[PDB]
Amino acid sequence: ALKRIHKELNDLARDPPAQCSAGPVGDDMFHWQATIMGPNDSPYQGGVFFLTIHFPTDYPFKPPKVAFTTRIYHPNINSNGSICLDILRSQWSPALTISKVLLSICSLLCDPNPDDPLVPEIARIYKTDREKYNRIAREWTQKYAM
């Protein structure tokens, strides 16, 4: 796993997905911190969001564990920062990379999947009152991530 992790780390340092970064926490190559700039096509615009990544022993055959550290208001991300995203569980493949995972999370921020929520209340608001949803998502962004 370590050689693969070093490869990715280098491939990310030189060509990160737009508006993202990621690298090790101190000396520990199996524990990374990443950042995503809130996409301009999302109510997270202007915010900077920190994530934690922990690689399993059998990486890249098992997915990395990825969670938000920065609080965020989103149907698919809960108060523990857990993220409901298929490629982080059933649809993981070693052909995927942290770079691709970050891009996928950016896409998720622009376009939630309210029919597979981690937070039913937010999912309800998203589906019934998008105006309210976007307002609250912006409000949390401004208070916590800006």
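Numbering starts at 1 and follows the sequence shown.
Legend entry - Higher-B stretch (mean Cα B-factor, as the entry records it), 114-122 or 36-44: Looking at the record's C-alpha B-factors, the answer is 114-122.
Legend entry - Residue stretch of maximal mean CA temperature factor, 22-30 vs 99-107: Mean B over CA atoms: larger for 22-30.
Legend entry - Candidate set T70, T57, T52, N80 [ranked by C-alpha B-factor, highest]: Highest CA B-factor of the listed options: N80.
Inset, instruction - Please rank the C-alpha B-factors of the chain's modelled residues and tell me whether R14 sits in the lowest, middle or highest third. - result: Its C-alpha B-factor, which the entry lists for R14, ranks in the highest third among residues of this chain.
Legend entry - Third of chain Cα B-factors occupied by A1: It belongs to the highest third of the chain when residues are ordered by C-alpha B-factor.
Legend entry - Lowest, middle or highest third - CA B-factor, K127: As the PDB entry reports it, the C-alpha B-factor of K127 lands in the highest third of its chain.
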